[PDB]
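What follows is one structure encoded as structure tokens, with my remarks underneath.
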Amino acid sequence: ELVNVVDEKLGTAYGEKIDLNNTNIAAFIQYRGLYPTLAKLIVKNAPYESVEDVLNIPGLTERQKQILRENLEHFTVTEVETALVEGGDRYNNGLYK
Amino acid sequence: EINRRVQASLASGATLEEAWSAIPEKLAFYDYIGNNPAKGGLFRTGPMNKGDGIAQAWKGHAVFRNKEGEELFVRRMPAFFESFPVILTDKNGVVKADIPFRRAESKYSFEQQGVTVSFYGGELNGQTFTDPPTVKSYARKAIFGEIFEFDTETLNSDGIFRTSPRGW
Amino acid sequence: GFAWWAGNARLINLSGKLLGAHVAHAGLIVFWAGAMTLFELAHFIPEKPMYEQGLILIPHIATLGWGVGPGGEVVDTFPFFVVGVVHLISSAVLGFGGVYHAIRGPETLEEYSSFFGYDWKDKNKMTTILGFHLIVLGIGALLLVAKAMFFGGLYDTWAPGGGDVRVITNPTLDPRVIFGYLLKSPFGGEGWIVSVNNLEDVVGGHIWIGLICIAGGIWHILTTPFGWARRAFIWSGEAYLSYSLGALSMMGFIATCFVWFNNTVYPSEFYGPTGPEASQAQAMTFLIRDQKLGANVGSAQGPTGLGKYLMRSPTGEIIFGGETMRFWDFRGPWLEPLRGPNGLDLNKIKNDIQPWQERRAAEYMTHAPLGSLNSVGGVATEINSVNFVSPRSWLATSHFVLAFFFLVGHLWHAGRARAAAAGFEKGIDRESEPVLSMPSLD
Amino acid sequence: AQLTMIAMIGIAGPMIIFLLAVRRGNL
Amino acid sequence: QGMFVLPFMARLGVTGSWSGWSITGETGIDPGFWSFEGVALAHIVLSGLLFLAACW
Amino acid sequence: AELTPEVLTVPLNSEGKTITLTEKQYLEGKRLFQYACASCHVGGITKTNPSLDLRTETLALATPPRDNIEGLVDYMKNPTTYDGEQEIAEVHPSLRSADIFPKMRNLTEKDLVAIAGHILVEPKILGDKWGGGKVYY
Amino acid sequence: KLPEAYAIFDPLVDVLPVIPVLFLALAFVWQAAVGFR
Amino acid sequence: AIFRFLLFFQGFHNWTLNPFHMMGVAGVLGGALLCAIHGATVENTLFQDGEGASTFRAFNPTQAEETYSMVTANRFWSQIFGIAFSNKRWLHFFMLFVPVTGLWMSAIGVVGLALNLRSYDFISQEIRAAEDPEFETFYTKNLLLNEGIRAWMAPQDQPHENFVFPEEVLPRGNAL
Amino acid sequence: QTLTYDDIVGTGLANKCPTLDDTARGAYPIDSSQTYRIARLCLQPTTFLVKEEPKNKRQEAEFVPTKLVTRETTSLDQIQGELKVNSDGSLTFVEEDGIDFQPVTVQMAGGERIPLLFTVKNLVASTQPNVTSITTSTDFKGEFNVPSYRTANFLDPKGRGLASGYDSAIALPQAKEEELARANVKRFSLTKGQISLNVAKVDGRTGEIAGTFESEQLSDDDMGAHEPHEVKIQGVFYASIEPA
């Protein structure tokens, strides 16, 4: 009943894809074309109810849209986890090298 | 010696449950770091029982496997280390699971690798556990070797290893 | 009666030979000043900041307005050469007079000339020599004023547009300002005289000091010590030596803190960023990076509950977060444009940070005054690669050591002067041992 | 090299003691 | 609570502690020096001075 | 082990042409990397932005791909963000910004090739240490 | 770098700063020559 | 290599917490104190036995007389520190006693560490801290440092063990 | 005229919100066709009250006074956000951004330290219907969010945390873990607070307002270790309104 919610989250798609609702921004460097510019927009417009919502972000050029399309399969969404999104932790989660 | 015996039981057509149930509890209790005389402390006084407790029963041999069904091996604690992380290896020494410290960039969590623990012999023979926090609890004990049930109440044991009369 | 290893004490009452030692040694100082400048010049590479190159003398010359232009860029190396050559040449003249007075000249002076000769116990003569030197010193501080006001100015890191040489036309004379510094606390946010942050106050302070030294000098030529001073002091060569060692020690400790905290008369453009500066620049750097990614740096709570980027000081000012909370008294030209009345201004941070400020922060963060004795740069766990130790670390550590030993020398020579003047510096007379004529304690 | 000049300069001082001690001087 | 001297201090008017409680239950009270703590301290200091007087 | 030509062979461009550096070019690259880059990029990390490093695999995923001599030479002339969307010559050293980064003033075209070559060789020598940071010291 | 017309002297200037140290050393040669009198 | 041995003993044995090391520290630092203070005292209670400013000449190893005043030395220290030596023999025996005993004590504690019989923990502290996450002392802070030492140095310092610690298992505070 | 940094630094004034003249009893008219923002919202606490524990049934404890121990570090300031007009003439301020939290610790009688995250994060505060002018009788009432005082990287003194740290009491290797569950498993709380802001002064020219606030929220629960206290904060506020 006392459960660590961060460990619990590693048991979901969050532990194997980029979660558009929870994952820190530096993960968007793992795929081409996404960081910094689209990573910025994805994090600012979270939360998303499904992965394809990201295509309906106002302002996306058609190149940007195309990049997202190519990468939809590295994305997931789970419920927002307060512990991962408070403290500005999606922009800086205290991990560097 | 324990592994030697279990193999010998298996070669002769015994099951996993039967090979490990044949392991005398007394031999298994030697294969436990809390009986290592080099785990004590100078001012941790009294009997070994005052620390990990009065041993009651072998719980059984814990076998870890990941989601692909591969057998994983808890790296055992060496006597020098007061504390030691929980790292699970394959038969060749490749890390396949651990308990992470920093969670954010973890690759090998039990949760991600689907680590289960199954017991053969002892008290928990034939039982399997899959909820990650229980699986982690046993892996934390597995670094000490074989896993025992302890009475901590009778002597009000504080949980910290003491040395044996050999040490003293 | 002195051994070879105390052999210069043999000079105490040989005023001629002692003049030669002082002047020969004066020549070594000037020689080093000259030789070292030319060495730094022969090594100087203008594409590289001074502080990536091990320079301690060229930064002093540039600070005075020679050789540099806007931003501290070096435009002309000839002024450095001249300063080196002239010091080098001048040391031969002091060398010459030095060894002439130490080897060939009269070994005592008082028979040859009653003006140049002196007795240490002669209080009138001693204050007269003191007076002359007080006037010289006052002249020297006025030369700094002259440079700033009539011969090209000084480098001003605070000048608008990146720093520049500026002529100082309104030096501060208001003594509430000038002597206000003497009465500020030496503790944090105050900084006694180390906090002087503008050249108007620097130059005005030197007008005052020059006039005070010239007035003091004339005062000491015309007077002899009053009876209360006569009875307070030991009047001997070694006693005067001990007084000055103490004064050098005090000054060495102040110079240590100056080059470590002050970025006005030790501009960071030449000397590198200070410790507080570098550390402030790290927080600035990552504030910028993170805000560019979309972070709201004002509302971001860090692990402790305090702001990740921004917090309050104990008196309320908005300051950088993390361990640099401790350096919030820092002030520098790259940072001040962001300060409003309540401290750092969140609307300037969001809207008005300039590329040159981002560059400067990155530069100062990566040139923090941290490094190993063999000049590997950065924290103590860093791998080899960068050959950097800040000039401020070199100038701070060296002068701490010298100030410490001169304080030991003060105690050495002071205690000995007291003992020699009372007549028991060589030991206790067996036949008149003072404690044997005192009553027992119990 | 530079090892030529510091050799030349390094020998000046001791050569002064040498000249003065063989010409029995005021050392 | 087994308190033996506390009530003799309370009896004659010492009622509060420098930590801000009072034995009547009022919080946020300033007792000044003559708190339970300050009475205890006065007696320690007094003991030490009388110790010195006894040596003399 | 030694600095064999195999290790001094790195990609010239995105078309999988290769180029084999000399031991000389490589030591010159290393020297020039310490002169102009290592204050920020020591060991292949980036002190002022640790999320971007000089690991070959990171450079390979930059837009304009930078895991080759051409990409890196261009980068040192006209640096962009990792997605190629903006020019960052004004906050990153480059020949384009050598007015404000004066160490870049005296760099020739051959120097840029050596620096690029050093960056691409080093992870073949050092492996995980290159760009891995203090965990690997 | 020094001015062009003095470039010849570069290796001399690399050694000049050390010369004051030699004066200290020279006092010990002198004292050796008189037997630490 | 000996520096590494120092740090090994901190991280693994918490040897600074060991009172046998502490008695050794007191004996070594007590020895150096006694060495300095005894030399300084003799040199500053010398009898004037020659006329030179160098007081070393005025000693002769076969003279009967003491070369410094024990009486004046005793008065000085009595008035400065409260107590002084009064017996030259006790003085010099105590200079033998103090550092010799300290070294013997530190040897004993190392014999304990041969067995991993460490003074590593205080049980009462651990019980409180385990239950009370707001409880913090310099004692808990130092064990976090020890735990860092062990995990960051063991793989390269004990290579025969083939320790492989993935990045995610290394203990690390924020940012660093 | 107004003050510079060097006039303010070290005084305490940097923690104090702007005040209005006691002559500012005007009215700020609101035009529904127009949109408004709050350019600066400043909250300066003066009083920290904590609710005691009566230990008994029908007593319901009282709010008691506390001493501040963390100095002039308490004010929320530079807050900005939408100021909307609703169909029914109510105004709703929506907080967008600002220095909108401070950690504070106060000390109760007896020595107990009570840390709290004093905040208005995500504040949405509304007025009565039909406003049309903001006056010296307008009230905003709202609610806001109180995240955990520590965030997820925070490690306790034995190295345990939520998103980092150990998951057990490693100094007690063979203790029974059931007793330690609450200290070993960190939890990240997220509760609501309430606030009233009472406008008492209005500068009809400039659009500045000022007055009094009272907020109720929970204190720190040390990532689940212990139960929070209830806290009531009183203070003064200032805000400038702009046609957005």
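When the chains are written out, they are named A, B, C, D, E, F, G, H and I in that same order, and each has its own residue count from 1.
Convention: a contact is a pair of C-beta atoms (placed from the backbone, for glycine too) under 8 Å apart; a residue touches a chain by one contact, two chains touch by 3 or more.
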| item | value |
| --- | --- |
| Any chain that touches subunit H and subunit E | I |
| Chain labels contacting subunit G and also subunit H | C |
| Distance between chain centroids, defined by C-alpha means - subunit D, subunit H (Å) | 50 |
| Distance from the mean Cα position of subunit G to that of subunit B, given in whole angstrom | 72 |
| Computed distance of Cα centres, subunit H from subunit A, in Å | 55 |
| Residues of subunit F engaged with two or more neighbouring chains | 134-135 |
| Per-residue overlap in subunit D, given as positions that touch at least 2 other chains | none |
| Per-residue overlap in subunit H, given as positions that touch at least 2 other chains | 121, 126-127, 147, 167, 170-172, 174 |
| Subunit C residues touching subunit G - in the complex, by the definition given at the top | 4-5, 7, 28, 31-32, 35-36, 38-39, 41-42, 44-45, 77-78, 81, 88 |
| Residues on subunit F engaged by subunit C in the complex (per definition of touch) | 34, 38-40, 42-43, 47-49, 90-91, 100, 102-103, 105-106, 134, 137 |
| Residue ranges of subunit A touching subunit F (in the complex, touch as defined) | 26, 29-38, 96-97 |
| Residue ranges of subunit B in contact with subunit H within the complex | 37-44, 78-83, 85-87, 93, 95, 98-103, 105-109, 158, 160, 163, 167 |
| Residues on subunit E engaged by subunit I in the complex (per definition of touch) | 19-21, 27-29 |
